[PDB]
>>> print(open('start38.json').read())   # JSON, N, CA, C and O atoms
[["chain", "number", "residue", "atom", "x", "y", "z"],
["A", 3625, "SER", "N", 81.37, -94.15, 118.55],
["A", 3625, "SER", "CA", 80.74, -93.40, 117.47],
["A", 3625, "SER", "C", 81.03, -91.91, 117.60],
["A", 3625, "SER", "O", 81.26, -91.22, 116.60],
["A", 3626, "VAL", "N", 81.01, -91.39, 118.83],
["A", 3626, "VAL", "CA", 81.35, -89.98, 119.05],
["A", 3626, "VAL", "C", 82.77, -89.70, 118.59],
["A", 3626, "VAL", "O", 83.04, -88.71, 117.90],
["A", 3627, "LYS", "N", 83.70, -90.59, 118.95],
["A", 3627, "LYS", "CA", 85.09, -90.38, 118.55],
["A", 3627, "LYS", "C", 85.25, -90.40, 117.03],
["A", 3627, "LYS", "O", 85.94, -89.56, 116.45],
["A", 3628, "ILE", "N", 84.59, -91.36, 116.37],
["A", 3628, "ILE", "CA", 84.68, -91.45, 114.91],
["A", 3628, "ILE", "C", 84.09, -90.20, 114.26],
["A", 3628, "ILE", "O", 84.65, -89.66, 113.30],
["A", 3629, "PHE", "N", 82.94, -89.74, 114.75],
["A", 3629, "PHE", "CA", 82.32, -88.56, 114.17],
["A", 3629, "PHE", "C", 83.20, -87.33, 114.35],
["A", 3629, "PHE", "O", 83.29, -86.49, 113.44],
["A", 3630, "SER", "N", 83.84, -87.20, 115.51],
["A", 3630, "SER", "CA", 84.77, -86.09, 115.70],
["A", 3630, "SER", "C", 85.93, -86.16, 114.72],
["A", 3630, "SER", "O", 86.35, -85.14, 114.16],
["A", 3631, "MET", "N", 86.46, -87.37, 114.49],
["A", 3631, "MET", "CA", 87.53, -87.51, 113.52],
["A", 3631, "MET", "C", 87.08, -87.10, 112.12],
["A", 3631, "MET", "O", 87.81, -86.43, 111.39],
["A", 3632, "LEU", "N", 85.87, -87.51, 111.74],
["A", 3632, "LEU", "CA", 85.37, -87.15, 110.42],
["A", 3632, "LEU", "C", 85.17, -85.65, 110.28],
["A", 3632, "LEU", "O", 85.43, -85.07, 109.22],
["A", 3633, "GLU", "N", 84.70, -84.99, 111.35],
["A", 3633, "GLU", "CA", 84.60, -83.53, 111.31],
["A", 3633, "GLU", "C", 85.97, -82.89, 111.14],
["A", 3633, "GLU", "O", 86.12, -81.92, 110.38],
["A", 3634, "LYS", "N", 86.97, -83.40, 111.85],
["A", 3634, "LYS", "CA", 88.32, -82.86, 111.68],
["A", 3634, "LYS", "C", 88.82, -83.05, 110.26],
["A", 3634, "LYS", "O", 89.53, -82.20, 109.72],
["A", 3635, "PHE", "N", 88.46, -84.18, 109.64],
["A", 3635, "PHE", "CA", 88.76, -84.36, 108.22],
["A", 3635, "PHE", "C", 88.10, -83.28, 107.38],
["A", 3635, "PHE", "O", 88.74, -82.65, 106.53],
["A", 3636, "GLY", "N", 86.80, -83.06, 107.61],
["A", 3636, "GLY", "CA", 86.08, -82.05, 106.86],
["A", 3636, "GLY", "C", 86.62, -80.65, 107.05],
["A", 3636, "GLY", "O", 86.38, -79.78, 106.20],
["A", 3637, "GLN", "N", 87.33, -80.40, 108.15],
["A", 3637, "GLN", "CA", 87.93, -79.09, 108.36],
["A", 3637, "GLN", "C", 88.99, -78.78, 107.30],
["A", 3637, "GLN", "O", 89.13, -77.63, 106.88],
["A", 3638, "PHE", "N", 89.75, -79.79, 106.88],
["A", 3638, "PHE", "CA", 90.90, -79.53, 106.01],
["A", 3638, "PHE", "C", 90.47, -79.12, 104.61],
["A", 3638, "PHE", "O", 91.04, -78.18, 104.03],
["A", 3639, "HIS", "N", 89.49, -79.81, 104.03],
["A", 3639, "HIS", "CA", 89.07, -79.57, 102.66],
["A", 3639, "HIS", "C", 87.56, -79.45, 102.61],
["A", 3639, "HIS", "O", 86.85, -80.14, 103.34],
["A", 3640, "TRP", "N", 87.07, -78.57, 101.73],
["A", 3640, "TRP", "CA", 85.63, -78.30, 101.67],
["A", 3640, "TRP", "C", 84.84, -79.51, 101.17],
["A", 3640, "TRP", "O", 83.63, -79.58, 101.42],
["A", 3641, "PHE", "N", 85.48, -80.44, 100.48],
["A", 3641, "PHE", "CA", 84.79, -81.61, 99.95],
["A", 3641, "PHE", "C", 84.67, -82.74, 100.95],
["A", 3641, "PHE", "O", 83.93, -83.70, 100.70],
["A", 3642, "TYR", "N", 85.36, -82.66, 102.09],
["A", 3642, "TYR", "CA", 85.44, -83.77, 103.02],
["A", 3642, "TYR", "C", 84.45, -83.66, 104.17],
["A", 3642, "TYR", "O", 84.58, -84.39, 105.16],
["A", 3643, "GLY", "N", 83.48, -82.76, 104.09],
["A", 3643, "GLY", "CA", 82.52, -82.60, 105.16],
["A", 3643, "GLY", "C", 81.69, -83.85, 105.36],
["A", 3643, "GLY", "O", 81.61, -84.74, 104.51],
["A", 3644, "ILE", "N", 81.06, -83.93, 106.52],
["A", 3644, "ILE", "CA", 80.24, -85.08, 106.88],
["A", 3644, "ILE", "C", 79.01, -84.60, 107.63],
["A", 3644, "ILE", "O", 79.09, -83.72, 108.49],
["A", 3645, "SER", "N", 77.86, -85.17, 107.28],
["A", 3645, "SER", "CA", 76.61, -84.89, 107.97],
["A", 3645, "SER", "C", 76.43, -85.85, 109.14],
["A", 3645, "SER", "O", 77.25, -86.73, 109.38],
["A", 3646, "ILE", "N", 75.34, -85.68, 109.88],
["A", 3646, "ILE", "CA", 75.00, -86.57, 110.97],
["A", 3646, "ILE", "C", 73.98, -87.61, 110.53],
["A", 3646, "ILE", "O", 74.04, -88.77, 110.96],
["A", 3647, "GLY", "N", 73.04, -87.23, 109.66],
["A", 3647, "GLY", "CA", 72.11, -88.21, 109.12],
["A", 3647, "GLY", "C", 72.81, -89.27, 108.29],
["A", 3647, "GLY", "O", 72.44, -90.44, 108.32],
["A", 3648, "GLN", "N", 73.84, -88.87, 107.54],
["A", 3648, "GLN", "CA", 74.62, -89.83, 106.77],
["A", 3648, "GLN", "C", 75.29, -90.84, 107.69],
["A", 3648, "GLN", "O", 75.24, -92.05, 107.44],
["A", 3649, "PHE", "N", 75.91, -90.36, 108.76],
["A", 3649, "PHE", "CA", 76.57, -91.25, 109.71],
["A", 3649, "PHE", "C", 75.57, -92.18, 110.38],
["A", 3649, "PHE", "O", 75.83, -93.38, 110.55],
["A", 3650, "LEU", "N", 74.41, -91.64, 110.76],
["A", 3650, "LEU", "CA", 73.39, -92.47, 111.40],
["A", 3650, "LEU", "C", 72.86, -93.54, 110.46],
["A", 3650, "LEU", "O", 72.64, -94.68, 110.88],
["A", 3651, "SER", "N", 72.64, -93.20, 109.19],
["A", 3651, "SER", "CA", 72.19, -94.20, 108.23],
["A", 3651, "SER", "C", 73.25, -95.27, 108.00],
["A", 3651, "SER", "O", 72.93, -96.46, 107.89],
["A", 3652, "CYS", "N", 74.52, -94.85, 107.92],
["A", 3652, "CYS", "CA", 75.60, -95.83, 107.79],
["A", 3652, "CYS", "C", 75.60, -96.78, 108.98],
["A", 3652, "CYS", "O", 75.77, -97.99, 108.81],
["A", 3653, "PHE", "N", 75.42, -96.25, 110.19],
["A", 3653, "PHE", "CA", 75.34, -97.11, 111.36],
["A", 3653, "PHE", "C", 74.13, -98.03, 111.30],
["A", 3653, "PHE", "O", 74.22, -99.21, 111.66],
["A", 3654, "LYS", "N", 72.98, -97.51, 110.85],
["A", 3654, "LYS", "CA", 71.78, -98.34, 110.76],
["A", 3654, "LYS", "C", 72.00, -99.51, 109.83],
["A", 3654, "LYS", "O", 71.49, -100.61, 110.08],
["A", 3655, "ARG", "N", 72.75, -99.31, 108.75],
["A", 3655, "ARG", "CA", 73.01, -100.39, 107.81],
["A", 3655, "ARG", "C", 73.78, -101.55, 108.43],
["A", 3655, "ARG", "O", 73.94, -102.58, 107.77],
["A", 3656, "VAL", "N", 74.27, -101.41, 109.66],
["A", 3656, "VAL", "CA", 75.02, -102.49, 110.30],
["A", 3656, "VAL", "C", 74.10, -103.68, 110.58],
["A", 3656, "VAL", "O", 74.43, -104.83, 110.26],
["A", 3657, "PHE", "N", 72.94, -103.41, 111.17],
["A", 3657, "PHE", "CA", 72.09, -104.50, 111.66],
["A", 3657, "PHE", "C", 71.46, -105.29, 110.53],
["A", 3657, "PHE", "O", 71.25, -106.50, 110.67],
["A", 3658, "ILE", "N", 71.14, -104.64, 109.41],
["A", 3658, "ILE", "CA", 70.50, -105.34, 108.30],
["A", 3658, "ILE", "C", 71.42, -106.41, 107.74],
["A", 3658, "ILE", "O", 71.01, -107.55, 107.49],
["A", 3659, "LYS", "N", 72.69, -106.06, 107.54],
["A", 3659, "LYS", "CA", 73.68, -107.00, 107.02],
["A", 3659, "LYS", "C", 74.00, -108.08, 108.05],
["A", 3659, "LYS", "O", 73.33, -109.11, 108.10],
["A", 3669, "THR", "N", 79.10, -111.57, 123.64],
["A", 3669, "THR", "CA", 79.92, -110.53, 123.05],
["A", 3669, "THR", "C", 79.23, -109.91, 121.84],
["A", 3669, "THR", "O", 79.89, -109.52, 120.88],
["A", 3670, "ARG", "N", 77.90, -109.83, 121.89],
["A", 3670, "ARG", "CA", 77.15, -109.22, 120.80],
["A", 3670, "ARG", "C", 77.55, -107.75, 120.63],
["A", 3670, "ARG", "O", 77.66, -107.26, 119.50],
["A", 3671, "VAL", "N", 77.77, -107.05, 121.74],
["A", 3671, "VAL", "CA", 78.16, -105.64, 121.68],
["A", 3671, "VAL", "C", 79.48, -105.48, 120.95],
["A", 3671, "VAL", "O", 79.65, -104.55, 120.15],
["A", 3672, "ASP", "N", 80.44, -106.36, 121.21],
["A", 3672, "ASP", "CA", 81.73, -106.28, 120.54],
["A", 3672, "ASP", "C", 81.58, -106.52, 119.04],
["A", 3672, "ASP", "O", 82.23, -105.84, 118.23],
["A", 3673, "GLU", "N", 80.73, -107.47, 118.66],
["A", 3673, "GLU", "CA", 80.48, -107.70, 117.24],
["A", 3673, "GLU", "C", 79.86, -106.48, 116.59],
["A", 3673, "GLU", "O", 80.23, -106.11, 115.47],
["A", 3674, "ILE", "N", 78.92, -105.83, 117.28],
["A", 3674, "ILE", "CA", 78.30, -104.64, 116.72],
["A", 3674, "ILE", "C", 79.31, -103.51, 116.58],
["A", 3674, "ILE", "O", 79.31, -102.78, 115.58],
["A", 3675, "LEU", "N", 80.20, -103.35, 117.56],
["A", 3675, "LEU", "CA", 81.23, -102.33, 117.47],
["A", 3675, "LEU", "C", 82.17, -102.58, 116.29],
["A", 3675, "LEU", "O", 82.49, -101.66, 115.53],
["A", 3676, "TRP", "N", 82.60, -103.83, 116.12],
["A", 3676, "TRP", "CA", 83.47, -104.18, 115.01],
["A", 3676, "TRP", "C", 82.77, -103.92, 113.68],
["A", 3676, "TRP", "O", 83.37, -103.34, 112.75],
["A", 3677, "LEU", "N", 81.51, -104.33, 113.56],
["A", 3677, "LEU", "CA", 80.76, -104.09, 112.34],
["A", 3677, "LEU", "C", 80.60, -102.60, 112.07],
["A", 3677, "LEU", "O", 80.66, -102.16, 110.92],
["A", 3678, "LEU", "N", 80.39, -101.81, 113.13],
["A", 3678, "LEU", "CA", 80.28, -100.36, 112.97],
["A", 3678, "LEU", "C", 81.57, -99.79, 112.38],
["A", 3678, "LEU", "O", 81.53, -98.99, 111.44],
["A", 3679, "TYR", "N", 82.71, -100.20, 112.93],
["A", 3679, "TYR", "CA", 83.98, -99.71, 112.40],
["A", 3679, "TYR", "C", 84.14, -100.09, 110.93],
["A", 3679, "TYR", "O", 84.50, -99.25, 110.09],
["A", 3680, "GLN", "N", 83.88, -101.35, 110.60],
["A", 3680, "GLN", "CA", 84.06, -101.81, 109.22],
["A", 3680, "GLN", "C", 83.15, -101.06, 108.26],
["A", 3680, "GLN", "O", 83.58, -100.61, 107.19],
["A", 3681, "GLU", "N", 81.87, -100.92, 108.63],
["A", 3681, "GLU", "CA", 80.92, -100.26, 107.75],
["A", 3681, "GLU", "C", 81.25, -98.78, 107.58],
["A", 3681, "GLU", "O", 81.18, -98.25, 106.46],
["A", 3682, "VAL", "N", 81.63, -98.10, 108.66],
["A", 3682, "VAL", "CA", 81.98, -96.69, 108.56],
["A", 3682, "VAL", "C", 83.19, -96.51, 107.66],
["A", 3682, "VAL", "O", 83.22, -95.60, 106.82],
["A", 3683, "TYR", "N", 84.20, -97.36, 107.81],
["A", 3683, "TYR", "CA", 85.37, -97.24, 106.94],
["A", 3683, "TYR", "C", 85.01, -97.47, 105.48],
["A", 3683, "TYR", "O", 85.31, -96.64, 104.62],
["A", 3684, "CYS", "N", 84.33, -98.59, 105.19],
["A", 3684, "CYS", "CA", 84.03, -98.88, 103.79],
["A", 3684, "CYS", "C", 83.02, -97.90, 103.20],
["A", 3684, "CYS", "O", 82.91, -97.81, 101.98],
["A", 3685, "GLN", "N", 82.30, -97.16, 104.04],
["A", 3685, "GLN", "CA", 81.38, -96.14, 103.56],
["A", 3685, "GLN", "C", 82.10, -94.83, 103.24],
["A", 3685, "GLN", "O", 81.96, -94.30, 102.14],
["A", 3686, "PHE", "N", 82.85, -94.30, 104.20],
["A", 3686, "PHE", "CA", 83.40, -92.96, 104.07],
["A", 3686, "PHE", "C", 84.85, -92.93, 103.62],
["A", 3686, "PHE", "O", 85.45, -91.85, 103.58],
["A", 3687, "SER", "N", 85.45, -94.07, 103.28],
["A", 3687, "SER", "CA", 86.78, -94.02, 102.69],
["A", 3687, "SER", "C", 86.74, -93.62, 101.22],
["A", 3687, "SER", "O", 87.66, -92.95, 100.74],
["A", 3688, "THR", "N", 85.68, -93.99, 100.51],
["A", 3688, "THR", "CA", 85.57, -93.66, 99.10],
["A", 3688, "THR", "C", 85.43, -92.16, 98.86],
["A", 3688, "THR", "O", 85.64, -91.70, 97.74],
["A", 3689, "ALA", "N", 85.07, -91.40, 99.89],
["A", 3689, "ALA", "CA", 84.91, -89.96, 99.77],
["A", 3689, "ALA", "C", 86.19, -89.19, 100.06],
["A", 3689, "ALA", "O", 86.16, -87.96, 100.08],
["A", 3690, "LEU", "N", 87.30, -89.88, 100.28],
["A", 3690, "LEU", "CA", 88.57, -89.25, 100.58],
["A", 3690, "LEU", "C", 89.59, -89.65, 99.52],
["A", 3690, "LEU", "O", 89.42, -90.64, 98.81],
["A", 3691, "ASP", "N", 90.66, -88.87, 99.41],
["A", 3691, "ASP", "CA", 91.73, -89.19, 98.47],
["A", 3691, "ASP", "C", 92.68, -90.19, 99.13],
["A", 3691, "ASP", "O", 92.45, -90.65, 100.25]]
>>> encode(input="start38.json", output="structure tokens")
Amino acid sequence: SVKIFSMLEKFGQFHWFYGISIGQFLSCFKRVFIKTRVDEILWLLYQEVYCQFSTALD
């Protein structure tokens, strides 16, 4: 999650519209549980983060 958040911040550096908050990221992560258990959670986190914050990019 730290690595992903750093990547999103680097995205936000390039264009003023691409910024990212921390509450937004935390809520996106929280939405994982509602929808090797640790590996499943990690995979779900990646999928949810992508499908959440890809629509905000060109």
>>> atom_distance(input="start38.json", atom1="atom CA of residue 3653 of chain A", atom2="atom CA of residue 3634 of chain A")
19.3 Å
>>> atom_distance(input="start38.json", atom1="atom N of residue 3656 of chain A", atom2="atom C of residue 3629 of chain A")
17.3 Å
>>> atom_distance(input="start38.json", atom1="atom C of residue 3689 of chain A", atom2="atom CA of residue 3642 of chain A")
6.2 Å
>>> closest_residue(input="start38.json", among="A:3632, A:3652, A:3690, A:3644", to="residue 3678 of chain A", atoms="only N, CA, C and O atoms")
A:3652
>>> select_by_dssp(input="start38.json", residues="chain A", states="alpha helix (DSSP H)", output="MDAnalysis selection string")
chainID A and resid 3626:3638 3646:3658 3670:3686
>>> residues_around(input="start38.json", residues="residue 3633 of chain A", least_positions_apart="5", cutoff="10 Å", atoms="only C-alpha atoms", output="list in words")
residues 3627, 3628, 3638, 3642, 3643, 3644 and 3645 of chain A
>>> axis_aligned_box(input="start38.json", around="segment 3639-3656 of chain A", padding_each_side="5 Å", output="lines of an AutoDock Vina configuration file")
center_x = 80.5
center_y = -91.6
center_z = 105.8
size_x = 28.0
size_y = 36.5
size_z = 21.7
